[PDB]
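Colleague: This structure is in structure tokens; I'll ask about it shortly.
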Amino acid sequence: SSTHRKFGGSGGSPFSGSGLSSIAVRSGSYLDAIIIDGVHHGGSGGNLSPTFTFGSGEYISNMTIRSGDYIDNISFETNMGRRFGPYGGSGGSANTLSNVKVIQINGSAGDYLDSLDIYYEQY
Ligand SMILES: OC[C@H]1O[C@H](OC[C@H]2O[C@H](OC[C@H]3O[C@H](O)[C@@H](O)[C@@H](O[C@H]4O[C@H](CO)[C@@H](O)[C@H](O)[C@@H]4O[C@H]4O[C@H](CO)[C@@H](O)[C@H](O)[C@@H]4O[C@H]4O[C@H](CO)[C@@H](O)[C@H](O)[C@@H]4O)[C@@H]3O)[C@@H](O)[C@@H](O[C@H]3O[C@H](CO)[C@@H](O)[C@H](O)[C@@H]3O[C@H]3O[C@H](CO)[C@@H](O)[C@H](O)[C@@H]3O)[C@@H]2O)[C@@H](O)[C@@H](O)[C@@H]1O
Numbered sequence: 322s323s324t325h326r327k328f329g330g331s332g333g334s335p336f337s338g339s340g341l342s343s344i345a346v347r348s349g350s351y352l353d354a355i356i357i358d359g360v361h362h363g364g365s366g367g368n369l370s371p372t373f374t375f376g377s378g379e380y381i382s383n384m385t386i387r388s389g390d391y392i393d394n395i396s397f398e399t400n401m402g403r404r405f406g407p408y409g410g411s412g413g414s415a416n417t418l419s420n421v422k423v424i425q426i427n428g429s430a431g432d433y434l435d436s437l438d439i440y441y442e443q444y
């Protein structure tokens, strides 16, 4: 079994992540875009982060999202102890997925990343 949780506001066009082989973001004050398996969701503002490429057997085990009307910030840790971020600003409020396995990242995006809808197993 698994579950999901949504973060952020009501704007943007919905998207579905197509896998969890790599993640990058564009960010400034907010998350301008999330780039999942090379596929860009969001706008062209901000600056491009390095790409995080998951190794064999590697998955997101902890993730913190700051959000308000948009996604402000993302950070994550993997089951191999590697970290991504934080990227973004210090606005919004923080919520965390703790001791999980992320299986799919969906969301909604326009000029910014408005929302994330994270599907995961809770351990
Ligand atoms: O970057 C790509 C582009 O960048 C450019 O910048 C243009 C960018 O500009 C315009 O928006 C910027 C900015 O303008 C105003 O100041 C506000 O509208 C502002 O929005 C805030 O304030 C309004 C008014 O209160 C709220 O309704 C908003 O929800 C938002 O509110 C948060 O932030 C406020 C300021 O801090 C706080 O007071 C609020 O309390 C609230 O704060 C909460 O949330 C924060 C974020 O999570 C958090 O930090 C806080 O702690 C707190 O929790 C706005 O950002 C604008 O032109 C915009 O365009 C969009 O709207 C137009 C007109 O309707 C559309 O034509 C356009 O397609 C855009 O809409 C799409 O994108 C939206 C975002 O993804 C999406 O929601 C929407 O559905 C559409 O898909 C724009 O992108 C330019 O240089 C440009 O060239 C460019 O391409």
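Numbering-wise (the numbering used here), the sequence shown opens with residue 322 and increments by one.
From the three backbone atoms N, C-alpha and C, an ideal C-beta is built for every residue, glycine too.
1) Kindly give me the distance between the Cβ atoms of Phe-373 and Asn-383, rounded to whole angstroms, as I take these residues to be in contact under 8 angstroms.
2) Considering only their Cβ atoms, is the gap separating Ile-344 from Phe-405 smaller than 8 angstroms?
3) Output the distance between the C-alpha atoms of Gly-428 and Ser-370, rounded to the nearest integer angstrom.
4) Take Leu-434 as the anchor and find which of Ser-339, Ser-342, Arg-347 has the nearest alpha-carbon.
5) Quick one: what does DSSP say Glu-379 is sitting in, helix, strand or coil?
6) Nearest CA to the CA of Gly-338: which residue from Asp-432, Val-423, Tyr-444?
7) In the DSSP assignment, what residue or residues form a beta bridge with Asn-416?
Modeller: Reading off the structure:
1) By one-based count along the sequence shown, residue 373 stands at place 52. By one-based count along the sequence shown, residue 383 stands at place 62. In fact, because the Cβ distance is near 14 angstroms, the residues do not count as touching under 8 angstroms.
2) Taking the sequence shown and counting its residues from 1, the one referred to as residue 405 is at position 84. Taking the sequence shown and counting its residues from 1, the one referred to as residue 344 is at position 23. Result yes, Cβ atoms of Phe-405 and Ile-344 sit closer than 8 angstroms.
3) Numbered from 1 along the sequence shown, position 107 holds the residue referred to as residue 428. Numbered from 1 along the sequence shown, position 49 holds the residue referred to as residue 370. Using only the alpha carbons, I get a separation of about 19 angstroms.
4) Counted from its first residue, the sequence shown places residue 434 at position 113. Minimum Cα distance to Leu-434 is reached at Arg-347.
5) To locate residue 379, count along the sequence shown from 1; it is residue 58. Assignment of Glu-379 by DSSP, reduced to helix, strand and coil, places it in the coil class.
6) The residue labelled residue 338 in the question sits at position 17 within the sequence shown. Looking at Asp-432, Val-423, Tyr-444, the one whose alpha-carbon comes closest to that of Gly-338 is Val-423.
7) As a first step, residue 416 must be located in the sequence shown, where it is residue number 95. DSSP output for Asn-416 lists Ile-386 as bridge partner(s).
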